[PDB]
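Student:
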Ligand SMILES: CC(=O)N[C@H]1[C@H](O[C@H]2[C@H](O)[C@H]3N=C(C)S[C@H]3O[C@@H]2CO)O[C@H](CO)[C@@H](O[C@@H]2O[C@H](CO)[C@@H](O)[C@H](O)[C@H]2NC(C)=O)[C@@H]1O
Ligand SMILES: CC(=O)N[C@@H]1[C@@H](O)[C@H](O[C@@H]2O[C@H](CO)[C@@H](O)[C@H](O)[C@H]2NC(C)=O)[C@@H](CO)O[C@H]1O
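In the working numbering, the protein residues as written are 156 to 693.
#1: May I ask you to list the residues that DSSP assigns as paired with residue 406?
#2: Any idea what DSSP makes of residue 502, helix, strand or coil?
#3: Are there three or more Cβ pairs, one per stretch, closer than 8 angstroms when the segment 606-623 is compared with the segment 522-535?
#4: According to DSSP, is residue 244 part of a helix, a strand, or is it coil?
#5: State the Cα-Cα distance for the pair residue 273 and residue 686, rounded to the nearest angstrom.
#6: Quick check on residue 664: does DSSP put it in helix, strand or coil?
#7: Is residue 550 near ligand 2, judged by its Cβ being under 7 angstroms from some heavy atom?
#8: Who does residue 519 pair with in a DSSP beta bridge?
#9: List the DSSP bridge partners of residue 210.
#10: Taking 7 angstroms as the cut-off, is the beta-carbon of residue 408 closer than that to any non-hydrogen atom of ligand 1?
#11: Of all the options 676, 670 and 692, which has the alpha carbon lying nearest to the alpha carbon of residue 291?
#12: Under a three-way DSSP split, which group does residue 475 fall into?
#13: To the nearest angstrom, report how far apart residue 692 and residue 653 are at their CA atoms.
#14: Return the Cβ separation of residue 572 and residue 519 in integer angstroms, given the expectation that the two are a contact with Cβ distance under 8 angstroms.
#15: Measuring CB to CB, does residue 626 end up less than 8 angstroms from residue 634?
#16: Candidates 568, 534, 412 and 459: which alpha carbon is nearest residue 494's?
#17: If residue 265 and residue 438 are in contact, beta carbons under 8 angstroms, what's the gap, nearest whole angstrom?
#18: Mapping the DSSP letters down to three states, classify residue 171 as helix, strand or coil.
#19: For residue 490, which residues does DSSP report across the bridge?
#20: Report the CB separation of residue 352 from residue 181 in whole angstroms; it is logged as a contact under 8 angstroms.
#21: Going by the CB atoms, is the gap between residue 453 and residue 463 shorter than 8 angstroms?
#22: Taking 7 angstroms as the cut-off, is the C-beta of residue 523 nearer than that to any heavy atom in ligand 2?
#23: Is residue 545 near ligand 4, judged by its Cβ being under 7 angstroms from some heavy atom?
#24: For residue 587, write down the residues that DSSP places opposite it in a beta bridge.
#25: Ligand 2 and residue 575: does the residue's C-beta get closer than 7 angstroms to at least one heavy atom of that ligand?
#26: Is residue 322 a contact residue of ligand 1, with contact defined as CB to any heavy atom under 7 angstroms?
#27: Given 7 angstroms as the limit, tell me if residue 535 has its C-beta closer than that to any heavy atom belonging to ligand 1.
#28: Tell me which residues share the same chain as residue 624 and place their Cβ nearer than 8 angstroms to its Cβ, disregarding the 5 neighbours each side in the sequence.
#29: Looking at C-alpha atoms only, which residue of 434, 428 and 446 is the closest neighbour of residue 412?
#30: Quick test of the definition: if touching needs 3 or more C-beta pairs under 8 angstroms, does the segment 163-180 touch the segment 200-214?
#31: Using 10 angstroms around the beta-carbon of residue 502, count the other beta-carbons present and answer buried if the total reaches 16, otherwise exposed.
#32: Apart from the five residues just before and just after residue 613, which ones in its own chain have a Cβ nearer than 7 angstroms to its Cβ?
#33: Compute the distance between the beta-carbons of residue 355 and residue 339, then report whether it is under 8 angstroms.
#34: Under the criterion of a Cβ to heavy atom distance below 7 angstroms, does residue 498 qualify as lining ligand 2?
#35: Excluding the 5 residues flanking residue 401 on each side, which residues of the same chain have their C-beta closer than 8 angstroms to its C-beta?
#36: From residue 650 to residue 261, what distance separates their C-alpha atoms?
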């Protein structure tokens, strides 16, 4: 007779090719990349002959075999490809093979091959669009947004984007390297802990809990190898295999290390760390460099050098040569992008007409033109054009785009920025002709999360009734609201100014639109990005 039918023993059924150590705070110990998951299966035979060979089958295919020597057995073996597999134990002799019922096992890998797709309904005012314009539609999701802002990856309207950027991946370094972090309580210390034992100028993860461990929809079981933003982004990639998910390195507070990269030793180390990061976290499709800014005038008043333009171009060229090696190894297309100042004074510190040859997209940061950081000179923070009362206004979207075009940047590379937030002032006074921007302020407006800044959701929700005036400036293409009794003035993007930007993008053959930051929209802003670029509804 053939052998008795074995019963699979109860035991762990989730294993990982890239393992996350659940009690480690240092990135180097937290993440263990293996060539294959170490899988274990045990079985008992309660009736009959145990056979002479025992096999572990994954979807019918043998992963292990050995002699069947008793009523219970254990197999330890390696599986080098992620997925959910119907595992069976089979006992075989000369008279045939008898297979157990199947038990599903998980062999996790960071492409999310082991995850059910994260396909979540659109929330708030988001309406469905098809990505058929061939234009970029991007937004940034922030790692720390899962706490107070309570905005998680399952809340992203992912069908309505071509690009989803993850803010932000830090670069390791302590004193003198990441001093701008010190302005945020605990932030510099969290980075030193993540980077313990790791060389400076290598990338890391700033908050490994939020990235890998915090329970979230789809990744809530204790034994799920990946949880947090990264586990959900893996599942999101399964739902949206054409969405480009880019890790963004830098931003306002994490840009200091770039200013050292004129040293090719550091720059090589950084580039090699990026390659390793993309080999480790397979759901990412490239890299976004948000260096704020070559030449300085970013967060750190002690950094900035005339050499920065040359460093920027060398960095983009070497990142591209690294991505072309990675693309060759994997067959995938990887993108290289950068978010850049939209101010002509910062733009002309870099030869973008040379760097564009390495890059897929330039994310033009056509926002933060004005704000509570200057109480004396007020203006539209994200306007397309200058306003009628000051046509020589330096900081407008069109001035930034024209600066690039005059360098010789191809229009199709340029992605125009929209704000999902307003900036504002309180106590505005001394203005003429009913134009509050001609006055001066005494402070920042009360903000949603920080002074001087309000989520677009809150503007739409809270500041469109009672005493608040609303005006759409059609020369600048820019809405604002004003409460004259307190002098509260807020400058923002809305559906209409976004429509004007999209129209302009199409008119000038630019690359598309992107936004900061996705948690702050109620749907209005992203809906308008999609519609104005000509994406079809549905
Ligand atoms: C108003 C706002 O959202 N500010 C955040 C600031 O955002 C700027 C970006 O860094 C620039 N890069 C882009 C890409 S778009 C562009 O503009 C936005 C808005 O001006 O980013 C900071 C990080 O660089 C944010 O800091 C975060 O602040 C919260 C507390 O407010 C804190 O909990 C986070 O730890 C801190 N994150 C980091 C990495 O420092 C700021 O919120
Ligand atoms: C036109 C111009 O150069 N405006 C400056 C602002 O850019 C800058 O604010 C900063 O803008 C960045 C995007 O270009 C943001 O990344 C950043 O969060 C923001 N910094 C702050 C503190 O809001 C300010 C610097 O305060 O100066 C303006 O002149």
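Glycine included, each C-beta is placed from N, C-alpha and C at the ideal position.
Tutor: Quick look at the numbers:
#1: As a working note, residue 406 is residue 251 in the chain shown. BP columns for residue 406 are empty, so no partner.
#2: As a working mapping, residue 502 is identified with position 347 in the chain shown. Three-state DSSP puts residue 502 in a helix.
#3: yes
#4: Taking the chain shown and counting its residues from 1, one reaches residue 244 at position 89. Strand, per DSSP.
#5: As a working mapping, residue 273 is identified with position 118 in the chain shown. As a working mapping, residue 686 is identified with position 531 in the chain shown. Roughly 25 angstroms separates the two Cα atoms.
#6: Reading the chain shown from its first residue, position 509 is the one you call residue 664. It is coil, neither helix nor strand.
#7: The residue you call residue 550 lines up with position 395 of the chain shown. At least one heavy atom of ligand 2 is nearer than 7 angstroms to the Cβ of residue 550, so yes.
#8: Numbered from 1 along the chain shown, position 364 holds the residue referred to as residue 519. Residue 519 pairs with 495 and 571.
#9: Here residue 210 refers to the residue found at position 55 when the chain shown is read from its first residue. According to DSSP, which records beta bridges pairwise, residue 210 is partnered with 220 and 245.
#10: Along the chain shown, read from residue 1 onward, the residue named residue 408 stands at position 253. Yes.
#11: The residue labelled residue 291 in the question sits at position 136 within the chain shown. It is 670.
#12: Residue numbering aside, residue 475 sits at position 320 when the chain shown is read from its first letter. Three-state result, residue 475: helix.
#13: Numbered from its first residue, the chain shown carries residue 692 at position 537. Numbered from its first residue, the chain shown carries residue 653 at position 498. The straight-line gap from Cα to Cα measures roughly 17 angstroms.
#14: Within the chain shown, the letter at position 417 stands for residue 572. Within the chain shown, the letter at position 364 stands for residue 519. Right, their Cβ atoms sit about 5 angstroms apart.
#15: Within the chain shown, residue 626 is the residue found at index 471, counting from 1. Within the chain shown, residue 634 is the residue found at index 479, counting from 1. Yes. Within cutoff.
#16: Counting from 1 along the chain shown, the entry for residue 494 is found at position 339. Ranking 568, 534, 412 and 459 by Cα distance to residue 494 puts 568 first.
#17: Residue numbering aside, residue 265 sits at position 110 when the chain shown is read from its first letter. Residue numbering aside, residue 438 sits at position 283 when the chain shown is read from its first letter. Right, the Cβ-Cβ distance comes to about 6 angstroms (below 8 angstroms), so this counts as a contact.
#18: Start at 1 with the first residue of the chain shown, and residue 171 comes out as number 16. Looking at residue 171 - three-state DSSP - the assignment turns out to be strand.
#19: Stepping through the chain shown from its first residue, residue 490 is reached at position 335. Bridge partners of residue 490: 441.
#20: Counting from 1 along the chain shown, the entry for residue 352 is found at position 197. Counting from 1 along the chain shown, the entry for residue 181 is found at position 26. With 8 angstroms as the limit, residue 352 and residue 181 qualify as a contact, their Cβ atoms being about 5 angstroms apart.
#21: If you number the chain shown from 1, residue 463 lands on position 308. If you number the chain shown from 1, residue 453 lands on position 298. Not closer than 8 angstroms, so no.
#22: The count along the chain shown starts at 1 and reaches residue 523 at position 368. Residue 523 Cβ: within cutoff of ligand 2.
#23: As far as ligands go, the structure on display features ligand 1 and ligand 2 and does not contain ligand 4.
#24: The residue given as residue 587 occupies position 432 in the chain shown. Answer is 590, bridged to residue 587.
#25: By 1-based counting over the chain shown, the position of residue 575 is 420. No, the beta carbon of residue 575 sits no closer than 7 angstroms to any heavy atom of ligand 2.
#26: Against the chain shown, residue 322 aligns to sequence position 167. Yes, the beta carbon of residue 322 sits closer than 7 angstroms to at least one heavy atom of ligand 1.
#27: Walking along the chain shown from the start, residue 535 turns up at place 380. Not so, every heavy atom of ligand 1 lies at least 7 angstroms from the Cβ.
#28: By one-based count along the chain shown, residue 624 stands at place 469. For residue 624, where only same-chain residues beyond five positions count, the Cβ hits under 8 angstroms are 636, 637, 638 and 639.
#29: For the purposes of this step, residue 412 is taken as residue 257 along the chain shown, with counting starting at 1. Closest by alpha carbon: 446.
#30: no
#31: For this step, residue 502 is matched to residue 347 along the chain shown. The residue is buried, with at least 16 neighbouring Cβ atoms inside 10 Å.
#32: Counted from its first residue, the chain shown places residue 613 at position 458. Around residue 613: 603.
#33: As a first step, residue 355 is located in the chain shown; it is residue number 200 there, counting from the start. As a first step, residue 339 is located in the chain shown; it is residue number 184 there, counting from the start. Against a cut-off of 8 angstroms, the Cβ pair of residue 339 and residue 355 comes out as no contact.
#34: For the purposes of this step, residue 498 is taken as residue 343 along the chain shown, with counting starting at 1. It does: the Cβ of residue 498 is within 7 angstroms (strictly closer) of some heavy atom of ligand 2.
#35: Counted from its first residue, the chain shown places residue 401 at position 246. Hits under 8 angstroms: 318, 319, 320, 321, 439, 440, 441, 442, 443, 490 and 492.
#36: One-based indexing of the chain shown puts residue 650 at position 495. One-based indexing of the chain shown puts residue 261 at position 106. Using only the alpha carbons, I get a separation of about 44 angstroms.
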